[PDB]
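Single-letter residue listing:
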Amino acid sequence: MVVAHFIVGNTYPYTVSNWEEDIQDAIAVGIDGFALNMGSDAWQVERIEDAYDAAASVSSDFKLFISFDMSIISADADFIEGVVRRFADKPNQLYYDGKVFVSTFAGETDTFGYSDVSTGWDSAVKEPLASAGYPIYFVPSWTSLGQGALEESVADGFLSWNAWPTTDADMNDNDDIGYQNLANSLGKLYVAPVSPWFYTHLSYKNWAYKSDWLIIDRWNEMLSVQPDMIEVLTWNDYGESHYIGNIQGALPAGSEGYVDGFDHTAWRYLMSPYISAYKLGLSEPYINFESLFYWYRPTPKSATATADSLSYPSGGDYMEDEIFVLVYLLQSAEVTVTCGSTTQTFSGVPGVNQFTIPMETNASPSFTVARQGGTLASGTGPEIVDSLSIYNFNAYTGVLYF
């Protein structure tokens, strides 16, 4: 199964029709469900009610479950138990092994007054739910514990949050292999995270992670690791720039400058052959359609923001001043990428193709695919500029189907 992490905190304006659009968009690329990551605001429970009704209207197969964001919610066992029971009987609730699937972000230091985290989660949350007839399959994201997370007796599985390179290096999957190995020997579930990007630029968090080809490197790792389950980070965390859904709902204060106009449609559509291959157990993506995808940052990484109340983001120098072009082909084709005076024509071959050209500012990149001299696809991305009012290491993306 492949689900996407969903920020319920961004849904204050949502109606059911907003939920239906997200769920349709997720299904269209092969995503099976949403982890509904919720905070403490009472209106979030009402929006989650709408999420389950929307799921029922769209597809009986689409799965939903609660992720308690314990970085926001206090260790309130009554609240947690009550939310699990409120949605456990909905038709689209995800079950595993006959038990209610329940996840978290964090919570590894919450003991609910008990001597340790497993005694606390078990005595305050797990056993009360079991006694009421709702035993849960508890899959917290407790990455600060490392391999200790899977060793916690209260955990039935473990969702890692280690989705990004934290240095100048490419991503690697050593941790995923270790976690899946330990899940295998302990009889537990490992959920691996998959994220296309990272940029956050707010008064309380401000950094980038080396992204660039990350979405392809990570999906290649997933096809090799073959984790039990995958959670995509994220459908809609606008504040950290790894959203792959359509921008709707509410943007976190301070993020609008680097989110508005930065459509990430390409990042969800490009995942479909990798999701298919993951489900089929294949070592390479299952390519049965053709498409060009592109993405790039809006400025050179060295640009000095002209009116930013925040400082330059740590990690901004890690990325490359390049335009990224991904082409899925069933037959050979000629791919031309132009940005101002910078141009290159590439020989695309069947399968996955990865091309780059250097950024050039004050120009709008153009992309063409041709075959037997005839144009199959042509499009233009947003203009790259020398600087913006704020530091912006989010990416524009685009799709050209053909």
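Structure determination for the deposited model, as stated in its record, used X-ray crystallography, and the stated resolution is 1.80 Å.

Enquirer: Before we go on, may I ask you to explain the pattern of salt bridges in this structure?
Expert: Any two side chains of opposite charge can pair, so long as their charged atoms come close to each other. Under the defined criterion, the tally for this structure stands at 13 salt bridges. With a closest N to O distance of 2.9 Å, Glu221 and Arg218 form a salt bridge. A residue pair is termed a helical-turn pair when its members lie 3 or 4 positions apart in one helix, as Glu221 and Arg218 do in helix 7 (residues 214-225) at three residues. Across the pair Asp317 and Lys301 runs a salt bridge whose closest N-O atoms are separated by 3.8 Å. Separated by 16 residues along the polypeptide, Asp317 in the loop between strand 12 (291-296) and strand 13 (322-329) and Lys301 in the loop between strand 12 and strand 13 bring together distant segments of the chain. On the basis of relative accessibility, which here comes to 15%, the residue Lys301 falls in the buried class. A network of salt bridges, in which partner residues are shared, links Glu46, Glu49, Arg86 and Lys90.

Enquirer: Looking at this structure, I do not really get the sheet that holds strand 16 (residues 351-358). What am I missing?
Expert: Sheet strands pair via backbone hydrogen bonds, and the direction of the pair is either parallel or antiparallel. On the basis of which strands lie adjacent, the open sheet formed by four strands has the order 16-13-12-19 and antiparallel pairing. Of all strands in the sheet, those with a lone pairing partner are strand 16 and strand 19 (396-401), marking the two edges. Averaged over all neighbouring strand pairs, the angle between strand axes comes to 15°, with direction disregarded. Inspection of the sheet shows strand 13 paired to strand 16 by eight bridges, in the antiparallel sense. Bridging from a neighbouring strand, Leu329 pairs with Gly351 of strand 16.

Scoring rules and cut-offs
Residues numbered from 1 in each chain as written, not as in the entry; some residues may be left out. Heavy atoms only, no water. Salt bridge = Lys/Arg side-chain N within 4 Å of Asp/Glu carboxyl O. Helix = DSSP H or I, 4+ residues; strand = E, 2+ residues; numbered from the N terminus. Buried < 20%, exposed > 50% of the residue type's maximum accessible area, 1.4 Å probe, protein only. Pairing = 2+ DSSP bridges. Axes fitted to C-alpha atoms, helices over the stretch in contact; angles between N-to-C directions.

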